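File shown here: final-v3.cif, holding mmCIF, C-alpha atoms and all ligand atoms.
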```
data_run
#
loop_
_atom_site.label_atom_id
_atom_site.label_comp_id
_atom_site.auth_asym_id
_atom_site.auth_seq_id
_atom_site.Cartn_x
_atom_site.Cartn_y
_atom_site.Cartn_z
CA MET A 1 101.58 0.46 41.48
CA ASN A 2 101.95 -2.77 43.43
CA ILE A 3 103.22 -6.26 43.19
CA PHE A 4 100.14 -7.53 41.45
CA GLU A 5 100.18 -4.81 38.88
CA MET A 6 103.83 -5.36 38.45
CA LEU A 7 103.65 -9.09 37.83
CA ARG A 8 100.54 -8.81 35.72
CA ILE A 9 102.64 -6.56 33.59
CA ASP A 10 105.61 -8.92 33.41
CA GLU A 11 103.68 -12.21 33.04
CA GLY A 12 100.68 -11.24 30.96
CA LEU A 13 97.53 -13.29 30.98
CA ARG A 14 96.61 -16.42 28.98
CA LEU A 15 93.50 -18.63 29.27
CA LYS A 16 95.25 -21.39 27.37
CA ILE A 17 98.01 -23.64 28.15
CA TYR A 18 101.15 -22.27 26.61
CA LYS A 19 104.89 -22.91 26.61
CA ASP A 20 107.14 -20.50 28.43
CA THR A 21 110.38 -19.06 27.03
CA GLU A 22 111.91 -22.00 28.78
CA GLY A 23 109.59 -24.28 26.77
CA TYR A 24 107.70 -25.24 29.91
CA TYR A 25 104.01 -25.49 30.51
CA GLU A 26 102.21 -22.48 31.93
CA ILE A 27 98.92 -20.75 32.20
CA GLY A 28 97.30 -17.56 33.43
CA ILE A 29 99.50 -15.00 35.02
CA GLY A 30 102.73 -16.96 34.97
CA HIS A 31 101.34 -20.10 36.60
CA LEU A 32 103.79 -22.89 36.11
CA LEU A 33 102.13 -26.07 35.35
CA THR A 34 105.00 -28.39 34.78
CA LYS A 35 108.57 -28.77 33.88
CA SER A 36 107.91 -31.65 31.65
CA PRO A 37 106.83 -32.18 28.01
CA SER A 38 103.40 -33.82 28.24
CA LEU A 39 100.54 -31.60 27.26
CA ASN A 40 98.64 -34.40 28.72
CA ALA A 41 100.63 -33.94 31.83
CA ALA A 42 100.29 -30.16 32.06
CA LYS A 43 96.71 -30.77 31.39
CA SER A 44 96.45 -33.14 34.27
CA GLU A 45 98.09 -30.65 36.48
CA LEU A 46 95.84 -27.97 35.23
CA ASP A 47 92.84 -30.00 36.13
CA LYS A 48 94.24 -30.83 39.52
CA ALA A 49 95.15 -27.21 40.17
CA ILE A 50 91.69 -26.09 39.24
CA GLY A 51 89.63 -28.88 40.59
CA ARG A 52 87.61 -29.38 37.40
CA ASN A 53 87.86 -30.89 33.95
CA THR A 54 89.37 -27.87 32.20
CA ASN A 55 90.58 -29.15 28.93
CA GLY A 56 93.52 -26.60 28.81
CA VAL A 57 91.44 -23.60 29.27
CA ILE A 58 90.37 -21.58 32.25
CA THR A 59 88.41 -18.43 33.23
CA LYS A 60 90.04 -15.01 34.08
CA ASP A 61 88.64 -15.60 37.54
CA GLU A 62 90.51 -18.90 37.63
CA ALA A 63 93.73 -17.32 36.44
CA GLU A 64 93.43 -14.88 39.17
CA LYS A 65 92.84 -17.35 41.86
CA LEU A 66 96.03 -19.10 40.93
CA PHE A 67 97.70 -15.73 40.79
CA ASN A 68 96.54 -14.83 44.17
CA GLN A 69 97.75 -18.09 45.45
CA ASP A 70 101.04 -17.68 43.74
CA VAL A 71 101.93 -14.26 45.14
CA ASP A 72 100.96 -15.48 48.58
CA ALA A 73 103.26 -18.42 48.18
CA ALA A 74 106.16 -16.34 46.99
CA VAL A 75 105.93 -14.11 49.92
CA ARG A 76 105.77 -16.93 52.48
CA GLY A 77 108.55 -18.64 50.71
CA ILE A 78 110.74 -15.58 51.19
CA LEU A 79 109.66 -15.17 54.75
CA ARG A 80 110.56 -18.74 55.63
CA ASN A 81 113.80 -18.83 53.67
CA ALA A 82 116.98 -18.40 55.74
CA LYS A 83 118.94 -16.63 53.01
CA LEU A 84 116.02 -14.61 51.72
CA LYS A 85 114.44 -13.28 54.79
CA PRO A 86 117.30 -11.02 55.84
CA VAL A 87 117.46 -9.45 52.53
CA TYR A 88 113.84 -8.87 52.37
CA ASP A 89 113.65 -7.43 55.77
CA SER A 90 116.41 -5.14 55.04
CA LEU A 91 114.70 -3.70 52.03
CA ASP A 92 112.30 -0.92 51.30
CA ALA A 93 108.90 -1.46 50.00
CA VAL A 94 109.53 -1.08 46.35
CA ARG A 95 112.59 -3.08 46.36
CA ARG A 96 110.69 -5.76 48.21
CA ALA A 97 108.34 -6.04 45.40
CA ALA A 98 111.26 -6.61 43.09
CA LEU A 99 112.52 -9.48 45.20
CA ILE A 100 109.12 -11.12 45.20
CA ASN A 101 109.10 -10.66 41.37
CA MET A 102 112.25 -12.66 41.06
CA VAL A 103 111.16 -15.41 43.45
CA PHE A 104 107.90 -15.71 41.63
CA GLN A 105 109.64 -15.88 38.42
CA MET A 106 112.30 -18.20 39.28
CA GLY A 107 111.60 -19.77 42.61
CA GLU A 108 113.19 -19.36 45.98
CA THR A 109 115.84 -21.87 45.26
CA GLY A 110 116.77 -19.97 42.13
CA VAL A 111 116.92 -16.70 43.82
CA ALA A 112 118.73 -17.82 46.89
CA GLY A 113 121.79 -18.52 44.67
CA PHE A 114 122.17 -14.89 43.64
CA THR A 115 124.38 -14.95 46.63
CA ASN A 116 126.47 -12.01 45.67
CA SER A 117 123.80 -9.67 44.60
CA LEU A 118 121.94 -10.66 47.69
CA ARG A 119 124.83 -9.39 49.77
CA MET A 120 125.10 -6.27 47.76
CA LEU A 121 121.43 -5.72 48.11
CA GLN A 122 121.66 -6.10 51.80
CA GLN A 123 124.43 -3.53 51.91
CA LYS A 124 122.47 -1.17 49.75
CA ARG A 125 125.00 -1.09 46.93
CA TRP A 126 122.31 -0.46 44.40
CA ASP A 127 124.49 0.09 41.37
CA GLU A 128 126.83 -2.78 41.96
CA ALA A 129 124.07 -5.16 42.65
CA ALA A 130 122.39 -4.14 39.43
CA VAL A 131 125.59 -4.91 37.50
CA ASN A 132 125.88 -8.14 39.33
CA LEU A 133 122.29 -9.06 38.72
CA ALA A 134 122.90 -8.47 35.11
CA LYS A 135 125.56 -11.18 34.79
CA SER A 136 123.02 -13.91 34.67
CA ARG A 137 121.50 -16.55 32.68
CA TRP A 138 118.26 -14.95 33.79
CA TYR A 139 119.19 -11.66 32.33
CA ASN A 140 120.30 -13.13 29.06
CA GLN A 141 117.31 -15.27 28.80
CA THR A 142 114.68 -12.50 29.47
CA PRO A 143 116.48 -9.23 29.19
CA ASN A 144 113.61 -6.80 29.13
CA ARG A 145 111.93 -8.20 32.11
CA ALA A 146 115.25 -8.53 33.90
CA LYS A 147 115.88 -4.91 33.15
CA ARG A 148 112.68 -3.71 34.69
CA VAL A 149 113.33 -5.64 37.80
CA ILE A 150 116.93 -4.64 37.94
CA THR A 151 116.01 -1.06 37.63
CA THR A 152 113.56 -1.25 40.31
CA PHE A 153 116.26 -2.57 42.58
CA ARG A 154 118.55 0.10 41.28
CA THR A 155 116.25 3.07 41.84
CA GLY A 156 113.83 2.06 44.57
CA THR A 157 111.10 3.61 42.28
CA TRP A 158 108.45 2.23 39.86
CA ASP A 159 109.73 4.05 36.81
CA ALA A 160 110.50 1.02 34.67
CA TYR A 161 106.90 0.11 34.95
CA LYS A 162 105.41 3.45 34.46
CA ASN A 163 104.19 3.76 30.89
CA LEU A 164 103.09 0.21 29.91
CL CL Q 1 98.40 -25.04 42.38
CL CL Q 2 112.03 -10.44 28.55
#
```
Hey, can you dump this file as structure tokens for me?
Amino acid sequence: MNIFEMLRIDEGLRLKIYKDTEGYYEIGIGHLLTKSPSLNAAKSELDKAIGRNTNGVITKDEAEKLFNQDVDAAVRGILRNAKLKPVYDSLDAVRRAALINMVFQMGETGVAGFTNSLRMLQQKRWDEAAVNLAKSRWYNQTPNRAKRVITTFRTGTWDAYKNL
């Protein structure tokens, strides 16, 4: 199991522009197109992202290029971030994947404000951090996903992903 497998699991795959649970415009494997309401807009973006006149639809290949690009970006993001880096560095491999999952999902900005859990993570207070993580808009908005991630942080294993 790895980060790609993980995220593919959590984000699915769609060749069509679609709204996200947050109503926003996405495509592929969780590729955020735009925080605004114009399909025309998202569409523009799509085209720009792909470098061709897509018309709202892309190839698997395409989805994956974005995906590739997106994991890369998350990682760098983390690595450059002053609040993130220390956590990351302190963690084990599985747990790192979980971090990257969150940043992907919600952005480095978003994650960097999980200030408390971050500390707890850093101090390897796995159960407390999990509790903490759970008191979040994030959790309430996408419970099941949140749970998998949270577990991962909790256990340092891939169990929550095994079987699906
Ligand atoms: Cl892009
Ligand atoms: Cl969910």
How would you report the residues lying within 8 Å of ligand CL 1 (chain Q), as a PDB file with C-alpha atoms, keeping the file's coordinate frame, if you count all atoms listed in the file?
```
ATOM      1  CA  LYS A  48      94.240 -30.830  39.520  1.00  0.00           C
ATOM      2  CA  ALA A  49      95.150 -27.210  40.170  1.00  0.00           C
ATOM      3  CA  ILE A  50      91.690 -26.090  39.240  1.00  0.00           C
ATOM      4  CA  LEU A  66      96.030 -19.100  40.930  1.00  0.00           C
ATOM      5  CA  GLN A  69      97.750 -18.090  45.450  1.00  0.00           C
ATOM      6  CA  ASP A  70     101.040 -17.680  43.740  1.00  0.00           C
TER       7      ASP A  70
END
```
(request) Could you give me, as number ranges by chain, the residues within 12 Å of residue 13 in chain A, counting all atoms listed in the file and dropping anything in the same chain fewer than 3 positions from it? (result) A: 5, 7-10, 16-18, 26-31, 58-64, 66-67
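Counting only C-alpha atoms and all ligand atoms and comparing A:6, A:41, A:21, A:117, the residue that lies closest to ligand CL 2 (chain Q) is A:21.
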Listing only residues of chain A within 8 Å of ligand CL 2 (chain Q), what is the closest atom pair and its distance in Å (to one decimal) for each, using only C-alpha atoms and all ligand atoms, sorted by chain and residue number ascending, as CSV?
```
residue,atom,partner,partner_atom,distance
A:141,CA,Q:CL2,CL,7.2
A:142,CA,Q:CL2,CL,3.5
A:143,CA,Q:CL2,CL,4.7
A:144,CA,Q:CL2,CL,4.0
A:145,CA,Q:CL2,CL,4.2
A:146,CA,Q:CL2,CL,6.5
```
(request) Within 7 Å of residue 25 in chain A, counting only C-alpha atoms, which residues show up once you throw out same-chain ones fewer than 6 positions away? Write them as a ChimeraX atom specification, please. (result) /A:17-19,32-35,42
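Candidate residues A:94, A:134, A:111, A:150 were compared for distance to residue 77 in chain A, and the nearest is A:111, using all atoms listed in the file.
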(message) Neighbouring residues of residue 131 in chain A were defined as those with any atom within 12 Å, considering all atoms listed in the file; residues of the same chain fewer than 5 positions away were excluded. Please report them as a PyMOL selection string.
(response) chain A and resi 116-117+120-121+125-126+136+139+146-147+150-151+153-154
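Near residue 2 in chain A, within a cut-off of 12 Å and counting all atoms listed in the file, sit the residues residues 7, 8, 9, 71, 93, 94, 95, 96, 97, 98, 100, 101, 157, 158, 161 and 162 of chain A, with same-chain residues fewer than 5 positions away left out.
Compared by their closest atoms to residue 3 in chain A, and using all atoms listed in the file, the residues A:99, A:57, A:112, A:160 rank with A:99 nearest.
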(request) Go through A:123, A:103, A:68, A:137 one by one, measure the shortest atom-to-atom distance of each to residue 86 in chain A using only C-alpha atoms, and give the residue with the smallest value. (result)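 Once distances to residue 86 in chain A are computed over only C-alpha atoms, the minimum belongs to A:123.
In this structure, CA of residue 46 in chain A sits 26.0 Å away from CA of residue 138 in chain A.
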Could you list, as a CSV table (one decimal) with C-alpha atoms, in the frame of the given file, every residue within 12 Å of residue 109 in chain A, counting only C-alpha atoms and ignoring same-chain residues fewer than 2 positions away?
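Output contents, as saved in selection37.csv:
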```
chain,number,residue,atom,x,y,z
A,74,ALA,CA,106.2,-16.3,47.0
A,77,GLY,CA,108.6,-18.6,50.7
A,78,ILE,CA,110.7,-15.6,51.2
A,81,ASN,CA,113.8,-18.8,53.7
A,82,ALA,CA,117.0,-18.4,55.7
A,83,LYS,CA,118.9,-16.6,53.0
A,84,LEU,CA,116.0,-14.6,51.7
A,102,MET,CA,112.2,-12.7,41.1
A,103,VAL,CA,111.2,-15.4,43.4
A,104,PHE,CA,107.9,-15.7,41.6
A,105,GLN,CA,109.6,-15.9,38.4
A,106,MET,CA,112.3,-18.2,39.3
A,107,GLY,CA,111.6,-19.8,42.6
A,111,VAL,CA,116.9,-16.7,43.8
A,112,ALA,CA,118.7,-17.8,46.9
A,113,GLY,CA,121.8,-18.5,44.7
A,114,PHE,CA,122.2,-14.9,43.6
A,115,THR,CA,124.4,-15.0,46.6
```
(request) Kindly give the distance, in Å, that separates CA of residue 132 in chain A and CA of residue 156 in chain A, rounded to a single decimal. (result) 16.6 Å
(message) Using Å and a single decimal, report how far CA of residue 122 in chain A sits from CA of residue 135 in chain A.
(response) 18.2 Å
